[PDB]
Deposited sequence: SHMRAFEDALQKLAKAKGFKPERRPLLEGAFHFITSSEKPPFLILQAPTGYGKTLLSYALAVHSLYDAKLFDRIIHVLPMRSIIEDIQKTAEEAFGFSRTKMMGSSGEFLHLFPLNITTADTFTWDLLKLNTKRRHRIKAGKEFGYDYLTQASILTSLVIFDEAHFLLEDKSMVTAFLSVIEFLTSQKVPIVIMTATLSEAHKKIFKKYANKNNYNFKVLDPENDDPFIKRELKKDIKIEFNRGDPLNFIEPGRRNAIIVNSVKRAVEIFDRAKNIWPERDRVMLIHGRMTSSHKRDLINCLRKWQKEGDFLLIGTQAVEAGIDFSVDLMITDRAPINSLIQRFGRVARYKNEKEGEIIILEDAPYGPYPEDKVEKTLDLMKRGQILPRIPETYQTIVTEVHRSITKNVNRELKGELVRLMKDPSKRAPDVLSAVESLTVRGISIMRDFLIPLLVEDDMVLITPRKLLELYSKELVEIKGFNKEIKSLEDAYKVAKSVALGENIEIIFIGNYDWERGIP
């Protein structure tokens, strides 16, 4: 065999999470492929939601302190909106992890700023890594995070970071339940262009996991109106919506509606890390004890491990919905669940094209979850096209800039300004008192007009979105400014 790192992680994790193992072949196959493998490996692990794919990351990480010929640490990338506190809290509790950590958990926009040599410091708080060069000595695992290609505002950048990563022959794993083949092709391209050892592992017809979940029946229904029309006390409930503001106002009423106020909970991303971890701890207590209602946004979807009897979610494109569906009957002796998609809900950040097409195709071909046969074709038809909006001459300059030591943040910033910028999505540190909260340039403006922000060390005192985009400019440059919250942070609602 020759993998006792893998089983070391499987035991230490299965202790902490209190489950008894099952062998999950694709995980083993993926671990071996990585540790074996002549060349730089480029794995696409295409496994259903709930398989246990985060194990591979844990395993590989407890394989970095023994063998370091291929990589010296693991960088685990979650999606942009995502909450990373849950994986951090089992890396810390289950395995005991500027310093060198075996397992670093980041978010996909942070990741690309880092590779663009931009200042991401207070995001990494000591600090786990702070340099492009540490990333180049890593194995980089995207955990459902490649879906930055479906964001118009980033695709050109995240593609340059895929191009550049592959150019430096960094080993790469791509974890996803929902792999389009438009996606598969641009990955395979860059993995072939740089002579990786490319490989796709999807489950095959005998998989002990798919059959565990074929036995389950989890009904999915469509509906309209207020999400609290559909709650069911006495079961584990979860309402997942597409914006934090939507989530907050549902929670403002759910606190009074739900029988036990103790068991109503709001999670989104506009909260402090301290707060997030507090909630993660309450949430793991809540799963073994009885019933509760959880209000959340997409932030809960790639990286948080919970399981809920009834789920009510907004309509969203198929990758997001599969993600969300995965959290309903997730563990093994849970065989019945219900899902309610709200076809009238607002799109939020999502493109309307893809959301509607998603809902048209599901309604034709009723899909059973965690069982790719049912959703694979929806995925490939929805999640296509990316090449349309790639500013491919900038994508070229970005890959030359990262490759060049002589070029730093100032040069990459004024490069993109020619071709205010992509800076729409450069989240900046709002400091609430000792903790912080990432917020978009635009909610920085909003919070400024309401006179809840004070900026030490910058003096144009924000109006005009372009003023905000300049705060983001200087934060990315490492300017000595502080963006401070003056209001009193709401310890259940997060930030406005």
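Enquirer: Numbering the deposited sequence from 1, which residue ranges have no coordinates here?
Expert: Unobserved in coordinates, per deposited numbering: 98 to 109, 138 to 144, 439 to 442.
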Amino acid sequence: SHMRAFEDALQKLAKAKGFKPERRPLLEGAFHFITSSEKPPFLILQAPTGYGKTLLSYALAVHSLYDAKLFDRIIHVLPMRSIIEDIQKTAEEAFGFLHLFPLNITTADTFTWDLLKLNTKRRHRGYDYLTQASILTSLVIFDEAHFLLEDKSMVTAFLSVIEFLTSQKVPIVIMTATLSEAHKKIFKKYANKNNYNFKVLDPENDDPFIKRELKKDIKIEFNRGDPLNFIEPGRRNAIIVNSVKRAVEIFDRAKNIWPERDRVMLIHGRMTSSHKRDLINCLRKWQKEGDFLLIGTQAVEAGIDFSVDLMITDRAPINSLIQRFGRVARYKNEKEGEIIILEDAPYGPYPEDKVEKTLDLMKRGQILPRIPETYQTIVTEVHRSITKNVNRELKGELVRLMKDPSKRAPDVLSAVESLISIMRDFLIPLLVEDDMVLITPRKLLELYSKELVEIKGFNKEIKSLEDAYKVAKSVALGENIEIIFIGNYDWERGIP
From here on, numbers count along this sequence of modelled residues.
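Enquirer: Should the higher mean CA B-factor in the entry be assigned to 383 to 391 or to 140 to 148?
Expert: Taking the mean B-factor of the alpha carbons in each, 383 to 391 is higher.
Enquirer: With reference to the PDB entry, specify whether the mean Cα temperature factor is higher for 460 to 468 or for 42 to 50.
Expert: Per the PDB entry, the higher value belongs to 460 to 468.
Enquirer: Between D252, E85, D291, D314, which one tops the list for Cα B-factor in this entry?
Expert: The listed residue with the largest C-alpha B-factor is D291.
Enquirer: Between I75, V416, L342, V300, let me know which has the highest C-alpha B-factor in the entry?
Expert: Going by the entry's C-alpha B-factors, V416 comes out highest.
Enquirer: Based on the deposited C-alpha B factors for this chain, I'd like to know if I295 is in the lowest, middle or highest third.
Expert: It falls in the bottom third of the chain.
Enquirer: What third of its chain, lowest, middle or highest, does the C-alpha temperature factor of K450 fall into?
Expert: Highest third, going by the recorded CA B-factors of the chain.
Enquirer: Per the entry's values, where does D114 land by CA temperature factor relative to the rest of its chain, in the lowest, middle or highest third?
Expert: According to the entry, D114 has a C-alpha B-factor in the chain's lowest third.
Enquirer: Looking at the temperature factor on the CA atom of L444, which third of the chain's modelled residues does it land in?
Expert: For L444, whose C-alpha B-factor we compare with every modelled residue in the chain, the answer is the middle third.
Enquirer: Which third of the chain holds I481 when residues are ordered by C-alpha B factor: lowest, middle or highest?
Expert: Middle third.
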